[PDB]
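Participant: Have a look at this one.
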Amino acid sequence: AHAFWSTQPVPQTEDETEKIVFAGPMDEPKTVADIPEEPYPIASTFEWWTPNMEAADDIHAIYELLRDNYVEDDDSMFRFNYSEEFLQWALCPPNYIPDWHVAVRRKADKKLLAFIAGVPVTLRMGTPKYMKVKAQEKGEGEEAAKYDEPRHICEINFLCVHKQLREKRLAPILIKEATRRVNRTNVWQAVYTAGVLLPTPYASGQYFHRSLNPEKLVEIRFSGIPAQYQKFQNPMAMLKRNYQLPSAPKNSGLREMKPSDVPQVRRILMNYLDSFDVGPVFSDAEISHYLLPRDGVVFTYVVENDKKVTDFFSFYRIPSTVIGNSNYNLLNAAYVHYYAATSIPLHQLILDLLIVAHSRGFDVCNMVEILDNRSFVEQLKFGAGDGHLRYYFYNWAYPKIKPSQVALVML
Ligand SMILES: CCCCCCCCCCCCCC(=O)SCCNC(=O)CCNC(=O)[C@H](O)C(C)(C)COP(=O)(O)OP(=O)(O)OC[C@H]1O[C@@H](n2cnc3c(N)ncnc32)[C@H](O)[C@@H]1OP(=O)(O)O
Ligand SMILES: N[C@@H](CC(=O)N1C[C@@H](CO)[C@H](c2ccc(Cl)cc2)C1)Cc1ccc(Cl)cc1
Ligand SMILES: [Mg+2]
């Protein structure tokens, strides 16, 4: 059934997953000296290429490949269009490793054919709370605690093969080369998400969408006018009304995050994320990188009253190309990123997210039901979408957990 995935160190079935009771490695402890120094073999007409993702020209080459060949829906209506600024931000966080950005080029015409990228993350990934309780009940707490400390691992994303090269087994080769380069830095696990089902997720969460510009979303066929609105004289007028938002934020003391907010935001985020079984640990430099506003890419606001920051939210932007429409070219989507609420309810904080996103001309706000995102779905008029995102580890056995126990946002 899976000629590549069956050869890799990951749980092979739900049955196998169900037997997993402690966090820990799937495979044999190995060393850097055990790993081939020579790149993985590749066809004599292709070559490995390491782009410099801080150099505008190399970022643009990778941007075009993704623009034309990255994730699209089954009806070929929308294709992700991650921007050049967004790619530099996502792929070059503090202490990133340039050698983890891996491409294939055709030698003859230097045509870019494929890409995959890894970035460092410090991740809590030890046994989850409900399996620690089961371990305690059996007298097995020692074994359950062995990997509690945060681990420096790899997050993999942006795997892409050009449409002309599909179904030629190029993705496994890219994956094997990326794994070699990661293991050559003495890192042996990765985390990754996909919309497709592979062997074997440790968590899965549904998509949610919140309409901001319903007339545009219906015109581009992202949305339809739902059946119950057909009982009205003007179904679209009533749809617009249903999704209408204030034109300015409601929370007093809301303002953009600045560098001087970094220690307070780090404090309240890390206290919040601690409560979840799987979550990142961010340094001041990582908080700066992932949360300070960056035009067109990430938008972050704090609630500051009487000189103290007590709450914050962030969202990021990814436009999608609208593959067939005379009126519009782009779907401008805002995605819920990290947040923390200590002074106001989460729904009141995220209402201001929606207000800001709508004021800035976003068409839809999207998120996955991770974190406490279920706590404001109904009041804020999010609806579930189709399909499931799925969280995976490479070379890590992990008990199945609920998505409300995952705190890692995946870009
Ligand atoms: C310690 C460090 C470890 C580092 C590595 C950790 C692992 C990271 C794993 C990567 C995580 C990436 C996270 C993201 O970026 S998820 C986003 C993935 N990208 C897209 O969906 C963009 C559009 N599609 C494509 O570009 C191609 O269709 C891809 C590149 C997806 C496959 O190309 P193609 O269609 O030409 O097929 P092939 O003949 O070359 O290969 C067929 C094999 O590939 C397996 N396949 C198909 N889709 C995926 C997928 N999304 N993750 C993992 N495996 C996938 C498939 O089951 C089959 O294996 P098996 O079933 O035969 O066994
Ligand atoms: N490594 C994956 C990351 C992921 O699954 N995401 C990225 C996230 C956008 O930042 C997207 C998403 C899509 C829709 C909603 Cl409502 C929320 C998040 C899922 C690659 C990917 C990207 C997009 C999709 Cl739809 C499926 C897989
Ligand atoms: Mg292929």
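Chain labels A, B, ... are given in the sequence in which chains occur in the structure tokens; within each chain residues are numbered consecutively from 1, and ligands are likewise numbered from 1 in the order shown.
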Hey, could you make a per-residue contact list for chain A against ligand 1 with 6 Å as the cut-off, showing the nearest pair of atoms and its distance in Å to one decimal, counting only C-alpha atoms and all ligand atoms, sorted by chain and number, as CSV?

Facilitator:
```
residue,atom,partner,partner_atom_place_in_ligand_line,distance
A:2,CA,ligand 1,63 (O),3.4
A:3,CA,ligand 1,63 (O),4.3
A:4,CA,ligand 1,63 (O),3.4
A:5,CA,ligand 1,63 (O),3.8
A:69,CA,ligand 1,23 (C),5.9
A:70,CA,ligand 1,22 (C),3.9
A:71,CA,ligand 1,22 (C),4.1
A:156,CA,ligand 1,8 (C),5.6
A:157,CA,ligand 1,15 (O),3.9
A:158,CA,ligand 1,15 (O),4.2
A:159,CA,ligand 1,15 (O),3.9
A:160,CA,ligand 1,26 (O),3.5
A:161,CA,ligand 1,26 (O),4.0
A:166,CA,ligand 1,36 (O),3.2
A:167,CA,ligand 1,39 (O),3.4
A:168,CA,ligand 1,39 (O),4.5
A:169,CA,ligand 1,39 (O),3.4
A:170,CA,ligand 1,40 (O),3.9
A:171,CA,ligand 1,40 (O),3.7
A:172,CA,ligand 1,41 (O),5.7
A:175,CA,ligand 1,5 (C),5.4
A:178,CA,ligand 1,4 (C),5.5
A:179,CA,ligand 1,4 (C),4.0
A:182,CA,ligand 1,2 (C),5.1
A:183,CA,ligand 1,1 (C),5.8
A:187,CA,ligand 1,1 (C),5.8
A:188,CA,ligand 1,1 (C),4.0
A:189,CA,ligand 1,1 (C),4.0
A:190,CA,ligand 1,2 (C),4.9
A:192,CA,ligand 1,13 (C),5.3
A:193,CA,ligand 1,13 (C),5.4
A:194,CA,ligand 1,16 (S),4.2
A:394,CA,ligand 1,6 (C),5.2
```

Participant: Using only N, CA, C and O atoms, please write the residues we just selected to a file, as a short mmCIF file (atom, residue, chain, number, x, y, z; two decimals), in the first residue's frame.

Facilitator:
```
data_model
loop_
_atom_site.label_atom_id
_atom_site.label_comp_id
_atom_site.auth_asym_id
_atom_site.auth_seq_id
_atom_site.Cartn_x
_atom_site.Cartn_y
_atom_site.Cartn_z
N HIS A 2 1.92 1.33 0.88
CA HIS A 2 2.77 2.57 0.83
C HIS A 2 4.24 2.21 0.61
O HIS A 2 4.95 1.96 1.59
N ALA A 3 4.71 2.19 -0.65
CA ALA A 3 6.09 1.70 -0.99
C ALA A 3 7.18 2.55 -0.38
O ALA A 3 8.31 2.04 -0.13
N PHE A 4 6.89 3.83 -0.08
CA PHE A 4 7.89 4.66 0.65
C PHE A 4 7.63 4.71 2.12
O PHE A 4 8.54 4.36 2.94
N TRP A 5 6.42 5.05 2.56
CA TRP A 5 6.13 5.24 3.95
C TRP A 5 6.28 3.98 4.82
O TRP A 5 6.66 4.03 5.98
N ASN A 69 2.63 25.56 -8.51
CA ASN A 69 2.68 24.09 -8.30
C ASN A 69 2.41 23.63 -6.88
O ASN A 69 2.39 22.41 -6.61
N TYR A 70 2.16 24.54 -5.94
CA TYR A 70 1.85 24.17 -4.55
C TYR A 70 0.37 23.82 -4.32
O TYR A 70 -0.35 23.55 -5.29
N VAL A 71 -0.10 23.84 -3.06
CA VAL A 71 -1.38 23.19 -2.75
C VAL A 71 -2.59 23.91 -3.47
O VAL A 71 -2.63 25.16 -3.48
N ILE A 156 9.09 20.39 9.06
CA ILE A 156 9.15 20.29 7.60
C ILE A 156 7.92 20.87 6.92
O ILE A 156 6.82 20.54 7.38
N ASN A 157 8.16 21.65 5.82
CA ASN A 157 6.96 22.26 5.15
C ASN A 157 7.38 22.56 3.74
O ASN A 157 8.56 22.45 3.34
N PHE A 158 6.41 23.02 2.93
CA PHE A 158 6.72 23.48 1.57
C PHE A 158 7.22 22.41 0.62
O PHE A 158 7.89 22.68 -0.37
N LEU A 159 6.87 21.12 0.91
CA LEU A 159 7.24 20.04 -0.05
C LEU A 159 6.46 20.31 -1.34
O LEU A 159 5.18 20.46 -1.33
N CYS A 160 7.16 20.34 -2.47
CA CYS A 160 6.47 20.65 -3.75
C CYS A 160 7.22 20.00 -4.90
O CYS A 160 8.48 20.19 -4.99
N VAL A 161 6.50 19.27 -5.76
CA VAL A 161 7.11 18.74 -7.01
C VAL A 161 6.38 19.44 -8.17
O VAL A 161 5.13 19.55 -8.15
N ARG A 166 5.10 15.02 -11.57
CA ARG A 166 4.26 14.26 -10.63
C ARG A 166 4.29 12.75 -10.89
O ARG A 166 4.29 12.29 -12.08
N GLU A 167 4.19 12.01 -9.80
CA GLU A 167 3.98 10.54 -9.81
C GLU A 167 5.17 9.84 -10.46
O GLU A 167 5.03 8.77 -11.13
N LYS A 168 6.37 10.42 -10.25
CA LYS A 168 7.64 9.83 -10.68
C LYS A 168 8.55 9.43 -9.50
O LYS A 168 9.73 9.16 -9.71
N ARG A 169 7.99 9.47 -8.29
CA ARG A 169 8.71 9.08 -7.04
C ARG A 169 9.83 10.05 -6.68
O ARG A 169 10.84 9.68 -6.03
N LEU A 170 9.65 11.31 -7.05
CA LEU A 170 10.62 12.33 -6.71
C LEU A 170 10.44 12.76 -5.26
O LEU A 170 11.45 13.05 -4.56
N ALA A 171 9.23 12.81 -4.74
CA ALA A 171 9.00 13.27 -3.34
C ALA A 171 9.78 12.38 -2.35
O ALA A 171 10.49 12.93 -1.48
N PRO A 172 9.74 11.05 -2.47
CA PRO A 172 10.55 10.26 -1.51
C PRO A 172 12.02 10.64 -1.56
O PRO A 172 12.66 10.60 -0.46
N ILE A 175 12.50 13.82 0.39
CA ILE A 175 12.38 13.50 1.79
C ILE A 175 13.63 12.80 2.32
O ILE A 175 14.07 13.14 3.47
N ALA A 178 16.46 15.48 2.57
CA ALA A 178 16.19 16.35 3.75
C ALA A 178 16.49 15.63 5.08
O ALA A 178 17.19 16.20 5.98
N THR A 179 16.06 14.36 5.23
CA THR A 179 16.31 13.59 6.43
C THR A 179 17.86 13.45 6.65
O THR A 179 18.31 13.62 7.78
N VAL A 182 19.28 16.83 7.91
CA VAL A 182 18.85 17.05 9.31
C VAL A 182 19.65 16.14 10.27
O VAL A 182 20.21 16.56 11.31
N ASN A 183 19.76 14.88 9.88
CA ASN A 183 20.48 13.90 10.74
C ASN A 183 21.99 14.32 10.78
O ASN A 183 22.60 14.10 11.84
N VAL A 187 20.04 15.93 14.54
CA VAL A 187 18.58 16.01 14.83
C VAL A 187 17.87 14.81 14.16
O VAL A 187 18.21 14.43 13.00
N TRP A 188 17.06 14.16 14.99
CA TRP A 188 16.52 12.86 14.60
C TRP A 188 15.01 12.75 14.54
O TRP A 188 14.50 11.64 14.22
N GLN A 189 14.32 13.87 14.90
CA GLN A 189 12.82 13.86 14.77
C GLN A 189 12.44 15.09 13.93
O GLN A 189 13.15 16.07 13.88
N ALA A 190 11.25 14.96 13.33
CA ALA A 190 10.61 16.17 12.70
C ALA A 190 9.14 16.16 13.06
O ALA A 190 8.56 15.14 13.42
N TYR A 192 5.42 17.61 11.18
CA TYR A 192 4.91 18.10 9.86
C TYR A 192 3.40 17.94 9.87
O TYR A 192 2.86 17.09 10.60
N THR A 193 2.73 18.77 9.04
CA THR A 193 1.30 18.60 8.89
C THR A 193 1.03 18.42 7.40
O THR A 193 1.80 18.83 6.48
N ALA A 194 -0.13 17.80 7.10
CA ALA A 194 -0.64 17.70 5.75
C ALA A 194 -2.19 17.64 5.80
O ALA A 194 -2.82 17.29 6.81
N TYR A 394 8.03 12.47 12.64
CA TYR A 394 8.94 11.54 12.03
C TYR A 394 9.84 11.01 13.16
O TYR A 394 10.46 11.79 13.90
#
```

Participant: Sorted by chain and rising residue number, which residues of chain A lie within 10 Å of ligand 2, and what are their closest atom pairs and distances in Å to one decimal, counting only C-alpha atoms and all ligand atoms, as JSON lines?

Facilitator:
```
{"residue": "A:70", "atom": "CA", "partner": "ligand 2", "partner_atom_place_in_ligand_line": "22 (C)", "distance": 8.3}
{"residue": "A:71", "atom": "CA", "partner": "ligand 2", "partner_atom_place_in_ligand_line": "23 (C)", "distance": 5.8}
{"residue": "A:72", "atom": "CA", "partner": "ligand 2", "partner_atom_place_in_ligand_line": "25 (Cl)", "distance": 7.4}
{"residue": "A:73", "atom": "CA", "partner": "ligand 2", "partner_atom_place_in_ligand_line": "25 (Cl)", "distance": 7.6}
{"residue": "A:79", "atom": "CA", "partner": "ligand 2", "partner_atom_place_in_ligand_line": "25 (Cl)", "distance": 9.1}
{"residue": "A:80", "atom": "CA", "partner": "ligand 2", "partner_atom_place_in_ligand_line": "23 (C)", "distance": 7.3}
{"residue": "A:82", "atom": "CA", "partner": "ligand 2", "partner_atom_place_in_ligand_line": "10 (O)", "distance": 9.2}
{"residue": "A:155", "atom": "CA", "partner": "ligand 2", "partner_atom_place_in_ligand_line": "1 (N)", "distance": 9.0}
{"residue": "A:156", "atom": "CA", "partner": "ligand 2", "partner_atom_place_in_ligand_line": "1 (N)", "distance": 7.2}
{"residue": "A:157", "atom": "CA", "partner": "ligand 2", "partner_atom_place_in_ligand_line": "1 (N)", "distance": 4.8}
{"residue": "A:158", "atom": "CA", "partner": "ligand 2", "partner_atom_place_in_ligand_line": "20 (C)", "distance": 6.4}
{"residue": "A:159", "atom": "CA", "partner": "ligand 2", "partner_atom_place_in_ligand_line": "20 (C)", "distance": 7.9}
{"residue": "A:160", "atom": "CA", "partner": "ligand 2", "partner_atom_place_in_ligand_line": "20 (C)", "distance": 9.7}
{"residue": "A:191", "atom": "CA", "partner": "ligand 2", "partner_atom_place_in_ligand_line": "1 (N)", "distance": 9.5}
{"residue": "A:192", "atom": "CA", "partner": "ligand 2", "partner_atom_place_in_ligand_line": "1 (N)", "distance": 5.9}
{"residue": "A:193", "atom": "CA", "partner": "ligand 2", "partner_atom_place_in_ligand_line": "1 (N)", "distance": 4.3}
{"residue": "A:194", "atom": "CA", "partner": "ligand 2", "partner_atom_place_in_ligand_line": "27 (C)", "distance": 4.3}
{"residue": "A:195", "atom": "CA", "partner": "ligand 2", "partner_atom_place_in_ligand_line": "26 (C)", "distance": 4.3}
{"residue": "A:196", "atom": "CA", "partner": "ligand 2", "partner_atom_place_in_ligand_line": "26 (C)", "distance": 7.5}
{"residue": "A:205", "atom": "CA", "partner": "ligand 2", "partner_atom_place_in_ligand_line": "17 (C)", "distance": 9.7}
{"residue": "A:206", "atom": "CA", "partner": "ligand 2", "partner_atom_place_in_ligand_line": "16 (Cl)", "distance": 7.9}
{"residue": "A:207", "atom": "CA", "partner": "ligand 2", "partner_atom_place_in_ligand_line": "16 (Cl)", "distance": 4.2}
{"residue": "A:208", "atom": "CA", "partner": "ligand 2", "partner_atom_place_in_ligand_line": "16 (Cl)", "distance": 4.6}
{"residue": "A:209", "atom": "CA", "partner": "ligand 2", "partner_atom_place_in_ligand_line": "16 (Cl)", "distance": 5.3}
{"residue": "A:210", "atom": "CA", "partner": "ligand 2", "partner_atom_place_in_ligand_line": "16 (Cl)", "distance": 8.7}
{"residue": "A:315", "atom": "CA", "partner": "ligand 2", "partner_atom_place_in_ligand_line": "10 (O)", "distance": 9.9}
{"residue": "A:316", "atom": "CA", "partner": "ligand 2", "partner_atom_place_in_ligand_line": "10 (O)", "distance": 7.9}
{"residue": "A:317", "atom": "CA", "partner": "ligand 2", "partner_atom_place_in_ligand_line": "10 (O)", "distance": 8.2}
{"residue": "A:318", "atom": "CA", "partner": "ligand 2", "partner_atom_place_in_ligand_line": "10 (O)", "distance": 7.1}
{"residue": "A:319", "atom": "CA", "partner": "ligand 2", "partner_atom_place_in_ligand_line": "9 (C)", "distance": 10.0}
{"residue": "A:333", "atom": "CA", "partner": "ligand 2", "partner_atom_place_in_ligand_line": "9 (C)", "distance": 9.2}
{"residue": "A:334", "atom": "CA", "partner": "ligand 2", "partner_atom_place_in_ligand_line": "10 (O)", "distance": 9.0}
{"residue": "A:335", "atom": "CA", "partner": "ligand 2", "partner_atom_place_in_ligand_line": "10 (O)", "distance": 6.5}
{"residue": "A:336", "atom": "CA", "partner": "ligand 2", "partner_atom_place_in_ligand_line": "17 (C)", "distance": 8.2}
{"residue": "A:337", "atom": "CA", "partner": "ligand 2", "partner_atom_place_in_ligand_line": "10 (O)", "distance": 8.8}
{"residue": "A:364", "atom": "CA", "partner": "ligand 2", "partner_atom_place_in_ligand_line": "16 (Cl)", "distance": 9.1}
{"residue": "A:365", "atom": "CA", "partner": "ligand 2", "partner_atom_place_in_ligand_line": "16 (Cl)", "distance": 7.6}
{"residue": "A:366", "atom": "CA", "partner": "ligand 2", "partner_atom_place_in_ligand_line": "16 (Cl)", "distance": 4.0}
{"residue": "A:367", "atom": "CA", "partner": "ligand 2", "partner_atom_place_in_ligand_line": "17 (C)", "distance": 4.2}
{"residue": "A:368", "atom": "CA", "partner": "ligand 2", "partner_atom_place_in_ligand_line": "17 (C)", "distance": 5.2}
{"residue": "A:369", "atom": "CA", "partner": "ligand 2", "partner_atom_place_in_ligand_line": "17 (C)", "distance": 9.0}
{"residue": "A:382", "atom": "CA", "partner": "ligand 2", "partner_atom_place_in_ligand_line": "16 (Cl)", "distance": 9.8}
{"residue": "A:383", "atom": "CA", "partner": "ligand 2", "partner_atom_place_in_ligand_line": "16 (Cl)", "distance": 9.5}
{"residue": "A:384", "atom": "CA", "partner": "ligand 2", "partner_atom_place_in_ligand_line": "16 (Cl)", "distance": 8.1}
{"residue": "A:385", "atom": "CA", "partner": "ligand 2", "partner_atom_place_in_ligand_line": "16 (Cl)", "distance": 6.7}
{"residue": "A:386", "atom": "CA", "partner": "ligand 2", "partner_atom_place_in_ligand_line": "16 (Cl)", "distance": 8.9}
{"residue": "A:387", "atom": "CA", "partner": "ligand 2", "partner_atom_place_in_ligand_line": "25 (Cl)", "distance": 9.0}
{"residue": "A:388", "atom": "CA", "partner": "ligand 2", "partner_atom_place_in_ligand_line": "5 (O)", "distance": 8.7}
{"residue": "A:389", "atom": "CA", "partner": "ligand 2", "partner_atom_place_in_ligand_line": "5 (O)", "distance": 5.6}
{"residue": "A:390", "atom": "CA", "partner": "ligand 2", "partner_atom_place_in_ligand_line": "5 (O)", "distance": 7.2}
{"residue": "A:391", "atom": "CA", "partner": "ligand 2", "partner_atom_place_in_ligand_line": "5 (O)", "distance": 8.4}
{"residue": "A:392", "atom": "CA", "partner": "ligand 2", "partner_atom_place_in_ligand_line": "1 (N)", "distance": 9.9}
{"residue": "A:409", "atom": "CA", "partner": "ligand 2", "partner_atom_place_in_ligand_line": "10 (O)", "distance": 8.1}
{"residue": "A:410", "atom": "CA", "partner": "ligand 2", "partner_atom_place_in_ligand_line": "3 (C)", "distance": 5.4}
{"residue": "A:411", "atom": "CA", "partner": "ligand 2", "partner_atom_place_in_ligand_line": "10 (O)", "distance": 3.8}
```

Participant: Quick one: residues within 10 Å of residue 375 (chain A), only C-alpha atoms counted, chain neighbours fewer than 4 positions away excluded, as a list in words?

Facilitator: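 Neighbouring residues, sequence-local ones excluded: residues 345, 346, 347, 369, 371, 379 and 380 of chain A.
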
Participant: Neighbours of residue 132 (chain A) within 9 Å (only C-alpha atoms; same-chain residues fewer than 4 positions away dropped), as a list in words?

Facilitator: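 Once the adjacent positions are removed, what remains is residues 21, 22, 127, 128, 136, 137, 140, 141, 144 and 145 of chain A.
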
Participant: Would you mind exporting C-alpha atoms of the selected residues as a PDB file, in the first residue's frame?

Facilitator:
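What ended up in part.pdb:
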```
ATOM      1  CA  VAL A  21       1.618   4.632  25.622  1.00  0.00           C
ATOM      2  CA  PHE A  22       4.884   6.659  26.019  1.00  0.00           C
ATOM      3  CA  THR A 127       4.010  11.935  27.017  1.00  0.00           C
ATOM      4  CA  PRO A 128       0.653  13.735  27.104  1.00  0.00           C
ATOM      5  CA  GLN A 136       0.753   6.749  37.277  1.00  0.00           C
ATOM      6  CA  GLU A 137      -2.165   4.285  37.712  1.00  0.00           C
ATOM      7  CA  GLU A 140       5.088   3.600  35.209  1.00  0.00           C
ATOM      8  CA  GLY A 141       5.671   7.350  35.786  1.00  0.00           C
ATOM      9  CA  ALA A 144       6.301   8.240  30.945  1.00  0.00           C
ATOM     10  CA  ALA A 145       8.527  11.230  31.985  1.00  0.00           C
TER      11      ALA A 145
END
```

Participant: Please indicate the distance in Å from CA of residue 254 (chain A) to CA of residue 302 (chain A), rounded to one decimal place.

Facilitator: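 Here the two named atoms are 5.6 Å from each other.
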
Participant: When you draw a straight line from CA of residue 81 (chain A) to CA of residue 320 (chain A), how long is it in Å?

Facilitator: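 Calculated distance between CA of residue 81 (chain A) and CA of residue 320 (chain A) is 4.9 Å.
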